[PDB]
Amino acid sequence: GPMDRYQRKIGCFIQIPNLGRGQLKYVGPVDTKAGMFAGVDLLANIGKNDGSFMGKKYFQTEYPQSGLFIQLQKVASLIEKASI
């Protein structure tokens, strides 16, 4: 409430439209950005980051560009369907 239901699914896998399978690793705000975000590990270098942003660690990624922040509203129903 509001983030609790999504936070409980950290570690789940979700299938992101036009991106692929990603592991949910973080849910919350990102410094200097608007809104809430899911931080996902795409398990290939098709993301943007290594789980850090502006010098702060948000989550751990397998590869140097496998992490990605996605606006939470875009994946909120995928997360809700996923099982932990």
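Residues numbered from 1 in each chain as written, not as in the entry; some residues may be left out. Heavy atoms only, no water.

- As annotated in the PDB entry, the chain carries the name Microtubule-associated protein and is attributed to Saccharomyces cerevisiae.

**Concerning the side chain of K9**
Phase 1 of the analysis: Mapping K9 onto the fold places it in the loop between α1 (4-7) and β1 (13-16).
Phase 2 of the analysis: Polar side-chain contacts of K9 include one of 2.7 Å to the backbone oxygen of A82. (Helix = DSSP H or I, 4+ residues; strand = E, 2+ residues; numbered from the N terminus. Polar contact = N/O pair within 3.5 Å; in protein donor to acceptor, adjacent residues only side chain to side chain.)

**Comments concerning the packing of aromatic side chains**
Phase 1 of the analysis: Under the defined criterion, the tally for this structure stands at four aromatic pairs.
Phase 2 of the analysis: For the pair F59 and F69, a centre-to-centre distance of 5.7 Å together with 85 degrees between the ring planes defines the contact as edge-to-face. With a gap of ten residues between them, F59 in the loop between β5 (56-57) and β6 (67-71) and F69 in strand β6 connect regions that are remote in the sequence. Residue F59 shares its accessibility class with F69, and that shared class is buried.
Phase 3 of the analysis: Pairwise contacts between aromatic rings join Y26, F37, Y58, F59 and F69 into one cluster.
Phase 4 of the analysis: Geometry around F13 places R21 over its ring, the cationic atom sitting 4.1 Å from the centre.
Phase 5 of the analysis: Here the guanidinium or amino end of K33 rests over the ring plane of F53, the centre of that ring lying 4.4 Å away. (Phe/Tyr/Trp six-rings, centres within 6.5 Å; stacked < 30°, edge-to-face > 60°. Buried < 20%, exposed > 50% of the residue type's maximum accessible area, 1.4 Å probe, protein only. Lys NZ or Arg CZ within 6 Å of the ring centre and 35° of its normal.)

**What to know about the sheet that holds β6**
Adjacent strands of a sheet form backbone hydrogen bonds with each other and so pair up, either parallel or antiparallel.
Phase 1 of the analysis: Overall, antiparallel pairing links the four strands, which are arranged β1-β2-β3-β6 in an open sheet. The outermost strands of the open sheet, each flanked by one partner alone, are β1 and β6. Ignoring which end each strand starts from, the neighbouring axes of this sheet average 45 degrees apart.
Phase 2 of the analysis: Of the pairings in the sheet, the one linking strand β3 (residues 36-41) to β6 comprises five bridges and is antiparallel in character. Bridged to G39 within β6 is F69. (Pairing = 2+ DSSP bridges. Axes fitted to C-alpha atoms, helices over the stretch in contact; angles between N-to-C directions.)

**Quick word on unusual backbone geometry**
Phase 1 of the analysis: Cis geometry is found at the peptide bond from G1 to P2, where omega equals -20 degrees.
Phase 2 of the analysis: The backbone of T32 sits at a positive phi, close to 70 degrees, despite the residue not being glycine.
Phase 3 of the analysis: Of note, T32 is situated in the loop between β2 (20-29) and β3.
Phase 4 of the analysis: Judged by relative accessible area, which is 65%, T32 ranks as exposed.

**Points about the nonpolar core**
Phase 1 of the analysis: Membership of the largest hydrophobic core comes to 17 residues, with the highest contact counts inside it found for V40 and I79.
Phase 2 of the analysis: Every element with two or more residues in this core is listed here: β1, β2, β3, β6 and α2 (72-81).
Phase 3 of the analysis: Ranked by residue count, the leading element in this core is α2, at four residues.
Phase 4 of the analysis: When neighbours within four sequence positions are excluded, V40 is seen to be in contact with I16, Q23, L24, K25, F59, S66, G67, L68 and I70.
Phase 5 of the analysis: Among the nonpolar cores identified, the runner-up in size contains six residues, and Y26, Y58, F59 and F69 belong to it. (Core = buried A, V, L, I, M, F, W, Y, C linked by side-chain atoms within 4.5 Å. Contact = heavy atoms within 4.5 Å.)

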